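Note that the protein sequences, when read in sequence, are chains A, B, C, D, E, F, G and H. For the first sequence, the entry's author numbering puts the final residue at 1518, and the numbers step up evenly by one. Those letters in the second sequence? Residues 1225 to 1277, 1287 to 1322, per the entry's author numbering, in order. For the third sequence, the entry's author numbering puts the final residue at 688, and the numbers step up evenly by one. Those letters in the fourth sequence? Residues 8 to 44, 47 to 82, 85 to 119, per the entry's author numbering, in order. Those letters in the fifth sequence? Residues 59 to 80, 85 to 111, 117 to 172, per the entry's author numbering, in order. For the sixth sequence, the entry's author numbering puts the final residue at 459, and the numbers step up evenly by one. Those letters in the seventh sequence? Residues 24 to 44, 49 to 94, 106 to 125, 130 to 156, per the entry's author numbering, in order. For the eighth sequence, the entry's author numbering puts the final residue at 65, and the numbers step up evenly by one. For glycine and all other residues, C-beta sits at the position ideal for the given N, C-alpha and C. Worksheet for the structure shown next.
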Amino acid sequence: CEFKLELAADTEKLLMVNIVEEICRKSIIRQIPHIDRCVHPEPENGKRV
Amino acid sequence: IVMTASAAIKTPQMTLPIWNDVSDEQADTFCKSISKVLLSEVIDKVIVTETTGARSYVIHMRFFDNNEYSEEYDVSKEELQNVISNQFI
Amino acid sequence: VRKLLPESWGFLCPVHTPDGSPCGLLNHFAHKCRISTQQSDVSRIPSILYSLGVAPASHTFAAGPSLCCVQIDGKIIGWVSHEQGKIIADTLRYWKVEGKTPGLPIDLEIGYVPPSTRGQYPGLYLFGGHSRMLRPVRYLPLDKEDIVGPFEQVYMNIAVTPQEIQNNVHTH
Amino acid sequence: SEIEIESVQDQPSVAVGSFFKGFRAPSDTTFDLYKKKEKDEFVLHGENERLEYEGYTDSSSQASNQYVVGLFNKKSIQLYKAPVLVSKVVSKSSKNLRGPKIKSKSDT
Amino acid sequence: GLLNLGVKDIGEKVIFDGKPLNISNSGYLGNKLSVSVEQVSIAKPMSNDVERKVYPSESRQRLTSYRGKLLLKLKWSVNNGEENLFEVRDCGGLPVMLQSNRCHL
Amino acid sequence: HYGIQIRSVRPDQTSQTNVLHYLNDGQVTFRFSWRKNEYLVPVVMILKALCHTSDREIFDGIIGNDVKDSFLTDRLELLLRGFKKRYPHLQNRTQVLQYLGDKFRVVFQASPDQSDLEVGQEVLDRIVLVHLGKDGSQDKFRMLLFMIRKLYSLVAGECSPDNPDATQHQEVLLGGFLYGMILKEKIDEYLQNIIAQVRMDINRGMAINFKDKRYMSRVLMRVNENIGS
Amino acid sequence: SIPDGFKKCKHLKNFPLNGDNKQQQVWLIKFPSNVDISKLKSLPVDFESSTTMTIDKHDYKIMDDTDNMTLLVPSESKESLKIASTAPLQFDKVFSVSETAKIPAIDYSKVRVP
Amino acid sequence: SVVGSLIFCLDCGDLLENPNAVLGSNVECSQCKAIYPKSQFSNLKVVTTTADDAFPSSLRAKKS
Ligand SMILES: [Zn+2]
């Protein structure tokens, strides 16, 4: 990917490697409600779950 | 469960019984539509700068090859196009 | 902290500890571990150390894990690479149990640290003052009594009886 | 190969400047040296209108760890004894001391 | 030793007064004086009614303490130390453990 | 969560504590300890306080022959900009100390005749890295320079946490040395109680001068001498 | 101008320097004082760590170090120095001379007792 | 002199502040009238890198 910002002269050097990093791990490619990961377990006692 | 007034919990959990006919090989593919994929799952490196024009800032991301996030987490440009001018920006 | 830790090889009891509430808190010392009570009162620990191949203090300006900073106990005048680190790791161990040292005392704490694992910070560390903790051991070149503390027990190892000794994987 | 020490001497008459990486040497005022004689140490001063050269030698190990400098094409080196020197250049920043305290009232 | 060398580095402490001298008529408020401690040493224990030698087991025969006794030197200064009104004062006691330096064993 | 520390020790074995703390902004601050009172401070104002280093030698201590690392320059020039924000007229160690005379006059209980240059060096050399010794002008940069390259290298990941809970990092309080610590402390409370008897007379009044030597003997024994008690 | 350096410099000498841009350039090295600047007048021209010299202590170790300092030239007497520059003045290859105080060698014979 | 994204000097031996937070074309040392920059400031080119270290996945466990 590529995108270039611009910014005024007053505001100083910032955490340019951390201005991205903490955004990525909160940014989401598809939201799905209150749910995280699905596990396929072992079958047991006449039932696949 | 007994005392702590159980609420939003450390390990949320529920059991989903699947049908008699749905396969081993189709169920897990739709388990990857369920799995909450983050946005950071597709990046090799994030090289960022602080240049000057009047201060200039170009972010030059690097991703993976296509056939992994398309493979491992069953998602592609169908929302990676519209996460990158819509959510991350 | 209440569990025994395997960095405690030979300083306190693996076996003496009460049963119940002071479990893992109070547990006495080992057999022949000792405590230093006064410094290596020489001030020639560094006076031969620049001679032996270390650059001076304020003439080069290098720092970081790329170099191994020679910490005298308190003072520093030394940083080296590892290629002079493993030399001065145990060149001392040749001088320390050798009687041609009018400045290097028998009681002195030299622990090496290499830059492996990106773990501990790279240096060449010297100690020995008040409250320094001891244990004696047999250094195998020129087999002689020699003391170490627990800071040696990271990056220089001990054999437990001379049958498990084997090629260049023990030194004591 | 091998090469030989040609010339040893008695007095070393050189020093270094251990300022920092990249002091590009304006040479707008060439300054002097103030000797010693302990053994084999030196010290220096040097004037500008707003700037003074302040440099002495490390008493911890100066003559006890003595550099020399060599010179070759001939291709045979000669020794030349080299006292190293630490330096921290100063400038005009005096006169703060007139009124350090709260001397106006100062009954607090 | 240590605590001899402990209170060695002390400088020039002060305490001041309200008695004047004669711009800086109220600047130099009075006697610039000092106080310092140069020497302190427990030596040994004793007991009397000259001095005699006490036994350490004797001191817990008596259901008491192993009372040492402690001295303390005071070095005086005033006006960059022009008259050093010196004094030496004890501080009571200080107990010592058995087989020490400054016991009888 | 970051921090590297020193339990620096006086040569009479009564210590203090000099931690760092990693301000997530991009500065970095100290911490002291006192009576029951923590005294944090920014770092450059008692970095550039020892001897005359206002040049590249501030920067050149951080690694000189490896400038090429890019965690360095974007992170050291936000702490150095975290100080030029405060007072830009501050350039030599005469002037850099002078801030201590606003705060450190009555917190280490100084004299009112002392200017700040006598006390600011004094309030420095009581509290931070004493084991490098008094007159540590060259020898308090080069510790603290190296002491801060660790903390940047402890957030950038090329280091690892230590284990204070083990014999890796254990010492002994000998018990007799501790008993020899209190007789540095309670000696300097007996000395801090004859200077709490003179001014309780002279500000009560009718306290004649010491020059007649019995003014000492009327003040040196009215205080209770109970170090042993 | 505070201290007591007891002297002010007048006695000066010359540096051999051609200024030809094969090329006489400077050569500084590092070594201690307890050395052979009085008793061994020769030392090799070697590569990275490629010697062990012979005195009564019987070890000197030329090292290299490339991966500085302004250089001063007291040409005539009253100047007491200058700063050397062709147009700072760089340099090729510095030495740091240690002493290989070795270890007693491989022995697993007596120390490995059955 | 210049390191990283910032300019030092020769007379004063040290830096100056953000050249655009104060007057461009008009800068000197912060404490002495030693105006070494002649308004030819720098080419401000810094390039940093997040090293992909706290980006957990199931597809960075394969590269390890
Ligand atoms: Zn300037």
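Asked                                                                                                     : Found
CB contact below 8 Å: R372 of chain F versus chain D                                                      : no
Residue(s) in a DSSP beta bridge with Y1290 of chain B                                                    : A:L1474
Interface partners of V21 of chain D on chain F, CB under 8 Å                                             : Correct list: empty, because the minimum Cβ distance to chain F is about 22 Å.
Per DSSP, the bridge partner or partners of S1309 of chain B                                              : Its beta-bridge partners do not exist; DSSP assigns none.
Exposed unless 16 or more other CB atoms sit within 10 angstroms - verdict on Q1500 of chain A            : exposed
Distance CB(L640 of chain C)-CB(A143 of chain G) smaller than 8 Å                                         : no
Listed by chain order, chain B residues near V47 of chain H by CB distance under 7 Å                      : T1273 and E1274
Cβ of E1471 of chain A within 8 Å of any chain B Cβ                                                       : yes
Nearest candidate by alpha-carbon position, reference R1295 of chain B, set H:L60, H:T50, H:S58 and H:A55 : H:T50
CB contact check: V297 of chain F to chain H, cutoff 8 Å                                                  : yes
Span of the beta strand (DSSP E) around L141 of chain E                                                   : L138 to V145
8 Å Cβ cut-off: residues of chain F touching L172 of chain E                                              : Within 8 Å Cβ-Cβ: nothing; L172 of chain E doesn't reach chain F, min ~15 Å.
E61 of chain D: CB within 7 Å of a non-hydrogen atom of ligand 1                                          : no
Closer than 7 Å: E11 of chain D CB and nearest ligand 1 heavy atom                                        : no
Enclosing alpha helix (DSSP H) for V1489 of chain A [first to last residue]                               : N1487 to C1493
Anticipated Cβ contact below 8 Å, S96 of chain E with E70 of chain E, distance rounded                    : 5 Å
Contact under 8 Å by Cβ, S6 of chain H with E1274 of chain B                                              : yes
Proximity test, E29 of chain H beta-carbon vs ligand 1 heavy atom, cut-off 7 Å                            : yes
CB contact flag (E455 of chain F, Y420 of chain F, <8 Å)                                                  : yes
For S383 of chain F, the nearest candidate out of F:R261, F:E268 and F:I293 (CA to CA)                    : F:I293
Where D332 of chain F falls: helix, strand or coil (DSSP)                                                 : helix
Chain C contact residues for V97 of chain D, given Cβ-Cβ distances below 8 Å                              : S574 and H575
Cross-chain neighbours of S34 of chain D in chain H, by beta carbon under 8 Å                             : Near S34 of chain D there are no residues of chain H at all, since even the closest Cβ is about 11 Å away, more than 8 Å.
Boundaries (first-last residue) of the alpha helix (DSSP H) holding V353 of chain F                       : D346 to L354
Per-residue burial, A55 of chain H [other beta carbons within 10 Å of its own, 16 or more giving buried]  : exposed
Within chain D, the residues that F29 of chain G reaches when beta carbons sit closer than 8 Å            : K42, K43 and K44
Any non-hydrogen atom of ligand 1 within 7 Å of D35 of chain D CB                                         : no
Beta strand (DSSP E) segment containing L250 of chain F, residue limits                                   : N248 to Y252
Three-state class that DSSP yields for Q1250 of chain B in the structure shown                            : helix
Contact with chain B by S65 of chain H, beta-carbon distance below 8 Å                                    : no
Own chain, CB closer than 8 Å to residue 691 of chain C, minus 5 neighbours either side, in chain order   : Residue numbering for chain C in the displayed model covers 517 to 688; residue 691 of chain C lies beyond these limits and cannot be assessed.
Cβ distance (whole Å) where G64 of chain D is taken to contact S98 of chain D below 8 Å                   : 4 Å
Opening and closing residue of the beta strand (DSSP E) in which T283 of chain F lies                     : Per DSSP, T283 of chain F belongs to no beta strand (DSSP E) and is neither H nor E.
Reduced DSSP secondary structure (H/G/I, E/B, other) of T553 of chain C                                   : coil
Limits of the unbroken alpha helix (DSSP H) element including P71 of chain G                              : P71 of chain G -> not in any alpha helix (DSSP H); beta strand (DSSP E) instead, spanning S69 to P71.
Nearest neighbour of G627 of chain C, chosen from C:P638, C:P621 and C:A579 [CA to CA]                    : C:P638
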